[PDB]
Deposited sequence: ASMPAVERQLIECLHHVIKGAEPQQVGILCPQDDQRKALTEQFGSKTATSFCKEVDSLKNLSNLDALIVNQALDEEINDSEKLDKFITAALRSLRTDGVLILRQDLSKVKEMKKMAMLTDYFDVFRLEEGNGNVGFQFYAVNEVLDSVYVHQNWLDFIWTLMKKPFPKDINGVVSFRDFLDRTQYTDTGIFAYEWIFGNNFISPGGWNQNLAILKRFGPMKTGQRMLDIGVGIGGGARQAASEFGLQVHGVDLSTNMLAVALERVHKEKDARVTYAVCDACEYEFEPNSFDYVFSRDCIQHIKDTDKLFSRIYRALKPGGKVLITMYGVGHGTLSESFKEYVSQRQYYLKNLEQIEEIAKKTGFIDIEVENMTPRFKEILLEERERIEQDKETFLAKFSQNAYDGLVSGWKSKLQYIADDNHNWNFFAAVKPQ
C-alpha cells in the first residue's frame, strides 16, 4: 500500500547514474495503475515512454535508456526459469549503459537471504550479445524509505543496475567479499567471538567507548556508518544516542543480517544500503557524523574515499574512523601473506594524516590504539579457551583451529609492530 513518495525515490535512484540527463526512451513495467501514472508524471516532454503490464512484453521494448520495474516480479523471484526470461528480456531492451531500476518487496518472502541471493544472480547473469557478453553492473540496493516509515518494512528493496559489455575468472570487489572473508559461516563464527551483532574487536563495550570520542552528540543528528557490517554499531548509535543512522556495506552477506535484525526489532532511526562507499553518490553536506569501524583497510583509494566523506559531511561535521593499519616494524612474511590473502590496503597514521590535511580536514586527531587491540585479543582468547566445549556444539573443528592460530598469529604481528589498530578523527571546517 504505497504512496507517491516511493515513485519519487525510484527516479532519484535513476538519477544517481544518469545525473542531470533526461532519458530519451524509458520503459516501465508496473501492474498498479496509480503507481504507474505517478512514475510517468516524473518525466517531461523530452522523454518518450513505453510501458507494459506483464513481463513477457519486454521482448517488444528496445533501445531503452532506462527500464523501471515496480512490484512486477512476484512470480519470477520464486521461479528461476521465469527470472531468467525477465533478465534476458531486460538486457535486450536496454541500450548499453542503460539503467535498470527494480523495486521488489521481500517482506512476504520467508527466505531472509532472498535479497542477497537475487543480487548475486543479477551480478552473475550473462547474456550473449554480439561477439561478447552483456550483463548488469551492480550499483546499489536501497530500501524503499516510505515502506520503512509508514509500514515498518525494512525489506522493500530497490536495485540499481547498469547494462555493460563483458568478455566471454575475473571477480568483482563485492563477490570477493561475499565469497572469501565475509561468508555466512564466517559471519556467524566471527559474531560469536567479537560479540553479538559485532564483527569488530571488543564488541558492544568497545564500540561505545569509540563512539564517545566523537564528543557531544545530539538526538536526531545524522550519521553515516561506512562498513556497517551486521549492524551492531549503527543500532547502538541509534539506541544509545538517538542518532539517525544510515549504514552502508558492500557485502550482501553482512547486510542481510543487519536488515533482518532491524526489520524484526524495528527502529525507524536506522536504515541500510548495499553499495561501495568509494563510488556511491552520497548527498552532499548532509551528515553530522561519518563513522567507520574497522572497514577501510579493504579500500585502496583512501584519497578518493576521504574527499567523498568530506563532501558528504555538513560543514562543522565530524569524521571518526578506526582501521587496521601497518606499523613501522620490519614486515614478516607471515604478515605479508596474511595481508595479500585478505587483500588489505594498509596505511600508517602519518599517511592518513597527510591525506586528511590534503583533503582539507581540520582539528585532526590520530591515535595508535594497538595496545588496546592487544588487550582485546588476550581477553577474547581467554574466553574461547574457557568456553571450548560450547563452540564445538555450534560449529566445526576447522573453524575453531583457525581461530586459535589466527589469534596466536595476530599477537606475533602486533609484537613485530607490523599490525596496528589506528584511530583517526577530524572535522570539516565551519
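- By the record, the deposited chain contains one unmodelled run at 169-171, with no C-alpha atoms placed there.
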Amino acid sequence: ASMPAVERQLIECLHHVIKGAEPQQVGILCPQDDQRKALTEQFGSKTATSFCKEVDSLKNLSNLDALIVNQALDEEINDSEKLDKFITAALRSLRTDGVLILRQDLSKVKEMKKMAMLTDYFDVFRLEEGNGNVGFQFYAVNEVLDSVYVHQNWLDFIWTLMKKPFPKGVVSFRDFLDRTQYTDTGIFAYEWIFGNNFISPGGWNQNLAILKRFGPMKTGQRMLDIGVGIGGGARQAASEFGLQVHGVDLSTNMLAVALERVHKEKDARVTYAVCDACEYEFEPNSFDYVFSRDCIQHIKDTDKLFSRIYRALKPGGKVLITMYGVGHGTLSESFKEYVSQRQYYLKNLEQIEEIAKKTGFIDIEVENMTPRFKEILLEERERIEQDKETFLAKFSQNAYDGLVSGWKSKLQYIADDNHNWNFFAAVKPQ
From here on, numbers count along this sequence of modelled residues.
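- Legend: mean Cα B-factor per stretch from the PDB entry, 232-240 versus 133-141; the higher mean is in 133-141.
- When the mean C-alpha temperature factors of 91-99 and 321-329 are read from the deposited coordinates, 321-329 comes out higher.
- Remark: of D288, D294, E111, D225, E111 shows the highest value [criterion: C-alpha B-factor in the PDB entry].
- When the C-alpha B-factors of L208, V150, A189, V262 are ranked from the entry, the top spot goes to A189.
- For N197, the recorded CA B-factor ranks within the middle third of the chain. Only modelled residues enter the ranking.
- Ranked within its chain, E337 lands in the highest third, by CA B factor from the PDB record.
- In the PDB entry, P315 places in the lowest third of its chain by CA B-factor.
- Looking at the C-alpha B-factors along this chain, the one for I18 belongs to the middle third.
- In this PDB entry, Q104 carries a Cα temperature factor that places it within the lowest third of its chain's modelled residues.
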